[PDB]
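Student: Dumping the structure here so I can ask a few things about it.
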Amino acid sequence: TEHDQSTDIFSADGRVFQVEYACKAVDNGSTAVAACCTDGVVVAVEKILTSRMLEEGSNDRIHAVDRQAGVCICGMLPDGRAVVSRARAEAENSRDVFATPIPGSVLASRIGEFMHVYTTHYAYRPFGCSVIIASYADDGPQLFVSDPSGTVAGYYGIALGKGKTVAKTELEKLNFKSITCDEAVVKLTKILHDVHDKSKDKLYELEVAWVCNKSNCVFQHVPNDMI
Amino acid sequence: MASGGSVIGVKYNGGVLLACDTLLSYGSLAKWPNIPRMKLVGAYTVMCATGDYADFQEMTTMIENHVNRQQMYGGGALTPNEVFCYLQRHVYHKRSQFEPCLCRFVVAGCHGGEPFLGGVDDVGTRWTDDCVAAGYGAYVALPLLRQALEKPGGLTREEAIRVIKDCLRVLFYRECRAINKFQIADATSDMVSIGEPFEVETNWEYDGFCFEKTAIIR
């Protein structure tokens, strides 16, 4: 069992255990959900509070990375913040060098590449976060997830963290072709209130954001009255 | 080596005006007569310059990106005073590496019910005042605007527009590389708007300009 001490070693079965362990940190974190409508994309996440004395906005998990795109972090927040910085730099590079807003599919593939490189070298460890990427540039609305292995995929709806098995069940009873961004906020918030476990985590709040036609394809937090 | 000519600005009671023409020249050739030379920066600020257009474009693109990003990433909206300071440190740094920004800038804005106007030259000299100019505007227009600001109380918007047009009229008569097509920007009430292009009225029919009187041999 020396094979699980660094990310630069395969096990006999063809696995990389340090990356699996990093994934377990995401699976024990707070729940997130997201949905891709015909207008846009909506993201929502549960924040577990550690004190009743925090200001509002503390330890935000959702961050803008360009005018038209945003990221939500699951698992370890300071690791997520390092990925947010990288993503900001790739979006700026696309505007400065190629004179375009970065397409959603390209942004997700660069984030994946960046995360993968920390699974290859004896001197670094894998990130302990999964990132939800939400974008609306010239390729339409797009929602992607990148995990600690650096694997990247596109979704119509998705859930992450410790409530994900149940939350997935409830996202399967939505109609993705038809739904608008105002309905979505009500349904997504409901799923998150229902999976919350009241024994373990006593204090919590919800954080919600979107990018859609209503907002002029600007990625932003929803106004706190719509919850 | 596309280049722009004069720029002029003046503060009035409640705001600030900035004006220039729509032309870029290449040496003596008048190459493009339909170029918008004023650029908005963030929420409160507008700038213009005299001299090398490529250097104006590089510098303003860089400042606009910094201002939009700082706001998008949670560090607030920069004021005209801060934008001006930042511009001046960039120009001085380039002067100090012997790679100068070969322009002279005028910056105007409005924030906090308080108007701003200032200039920066290509070695990094900076100043603020009730009237500012670049190019031939510094020799032709400042004398007229400084006389209008002598009245006590300050200028109304209407008086300010009238003296600005007298200045543009003289630049068209006496600056070689010019056209009769101008825009005015107005910063007032914490925002900037840029007007449509217009032309000024000119006089060519004095008796002393006639063919007989101007003849060299009688």
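So you can find residues: chains in the structure tokens are A, B, ... in the order shown, residues in each start at 1, and ligands are numbered from 1 in order.
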Do a neighbour search on residue B:64 at 9 Å with only C-alpha atoms, toss out local chain neighbours closer than 6 positions, and write the hits as a list in words.
Tutor: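 Final neighbour list, sorted by chain and number: residues 40, 41 and 42 of chain B.
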Student: So which residues of stretch 34-72 of chain A fall under strand (DSSP E) by DSSP, listed as JSON, numbers by chain?
Tutor: {"A": [34, 35, 36, 40, 41, 42, 43, 44, 45, 46, 47, 48, 62, 63, 64, 65, 66, 69, 70, 71, 72]}
Student: So that I can check the surroundings of stretch 105-121 of chain A, please list as an MDAnalysis selection string every protein, DNA and RNA residue that reaches within 7 Å of it, counting only C-alpha atoms and ignoring chain neighbours fewer than 5 positions away.
Tutor: chainID A and resid 7:8 19 87 126:127 133 144 146 148:152
Student: Tell me as an mmCIF file with N, CA, C and O atoms, in the first residue's frame which residues belonging to chain B come within 10 Å of chain A, counting only C-alpha atoms.
Tutor:
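Result saved to iface-v4.cif:
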data_model
loop_
_atom_site.group_PDB
_atom_site.id
_atom_site.type_symbol
_atom_site.label_atom_id
_atom_site.label_comp_id
_atom_site.auth_asym_id
_atom_site.auth_seq_id
_atom_site.Cartn_x
_atom_site.Cartn_y
_atom_site.Cartn_z
ATOM 1 N N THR B 61 -6.959 50.879 -24.869
ATOM 2 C CA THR B 61 -7.415 49.503 -24.765
ATOM 3 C C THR B 61 -6.981 48.880 -23.424
ATOM 4 O O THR B 61 -7.800 48.273 -22.733
ATOM 5 N N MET B 62 -5.719 49.082 -23.068
ATOM 6 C CA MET B 62 -5.141 48.623 -21.830
ATOM 7 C C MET B 62 -5.845 49.237 -20.603
ATOM 8 O O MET B 62 -6.149 48.550 -19.641
ATOM 9 N N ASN B 65 -9.649 47.779 -20.401
ATOM 10 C CA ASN B 65 -9.657 46.425 -19.870
ATOM 11 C C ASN B 65 -9.438 46.419 -18.362
ATOM 12 O O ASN B 65 -10.220 45.748 -17.689
ATOM 13 N N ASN B 68 -12.815 47.728 -16.626
ATOM 14 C CA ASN B 68 -13.907 46.755 -16.684
ATOM 15 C C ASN B 68 -13.664 45.517 -15.809
ATOM 16 O O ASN B 68 -14.534 45.132 -15.050
ATOM 17 N N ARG B 69 -12.444 44.979 -15.813
ATOM 18 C CA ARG B 69 -12.096 43.822 -15.013
ATOM 19 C C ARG B 69 -12.155 44.100 -13.518
ATOM 20 O O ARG B 69 -12.747 43.322 -12.790
ATOM 21 N N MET B 72 -15.763 43.959 -12.554
ATOM 22 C CA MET B 72 -16.351 42.632 -12.698
ATOM 23 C C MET B 72 -15.879 41.665 -11.602
ATOM 24 O O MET B 72 -16.583 40.716 -11.306
ATOM 25 N N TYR B 73 -14.661 41.851 -11.080
ATOM 26 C CA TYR B 73 -14.042 40.952 -10.112
ATOM 27 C C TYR B 73 -14.171 41.494 -8.681
ATOM 28 O O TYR B 73 -13.431 41.050 -7.814
ATOM 29 N N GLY B 74 -14.990 42.534 -8.450
ATOM 30 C CA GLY B 74 -15.368 42.970 -7.109
ATOM 31 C C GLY B 74 -14.571 44.118 -6.451
ATOM 32 O O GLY B 74 -14.814 44.400 -5.274
#
Student: Neighbours of residue B:194 within 8 Å (only C-alpha atoms; same-chain residues fewer than 2 positions away dropped), as an MDAnalysis selection string?
Tutor: chainID B and resid 183:186 192 196
Student: So what do you get for atom CA of residue A:89 versus atom CA of residue A:142, distance-wise?
Tutor: 19.7 Å
Student: Would you mind listing what lies within 12 Å of residue B:99 as a list in words, with only C-alpha atoms counted and same-chain residues fewer than 6 positions away left out?
Tutor: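 These residues fall inside the cut-off: residues 55, 90, 91, 92, 93, 122 and 123 of chain B.
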Student: At a cut-off of 12 Å, using only C-alpha atoms, what residues contact residue B:106? Leave out same-chain residues fewer than 2 positions from it and give the result as a PyMOL selection string.
Tutor: chain B and resi 6-10+16-20+37-39+45-51+56+80+83-84+87-88+103-104+108-109+116-122+126-129+131-135+137-138
Student: What's the separation between atom CA of residue A:44 and atom CA of residue A:18, in Å to one decimal place?
Tutor: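 Separation between atom CA of residue A:44 and atom CA of residue A:18: 28.9 Å.
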Student: Taking only C-alpha atoms into account, which of A:62, A:53, A:191, A:211 comes nearest residue A:170?
Tutor: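 When distances to residue A:170 are compared using only C-alpha atoms, the smallest one comes from A:191.
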Student: To one decimal place in Å, what is the distance between atom CA of residue A:196 and atom CA of residue A:175?
Tutor: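 Going from atom CA of residue A:196 over to atom CA of residue A:175, I get 23.7 Å.
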Student: Name the residues of stretch 60-182 of chain B that come out as alpha helix (DSSP H) in a backbone DSSP run; write them as an MDAnalysis selection string.
Tutor: chainID B and resid 60:72 80:96 137:148 157:174
Student: Restricting the calculation to only C-alpha atoms: of A:216, A:94, A:130, A:59, which residue gets closest to residue A:161?
Tutor: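 Ranking A:216, A:94, A:130, A:59 by distance to residue A:161, first place goes to A:130.
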Student: Between B:102, B:165, B:147, B:78, which residue has the minimum interatomic distance to residue B:3, considering only C-alpha atoms?
Tutor: B:102
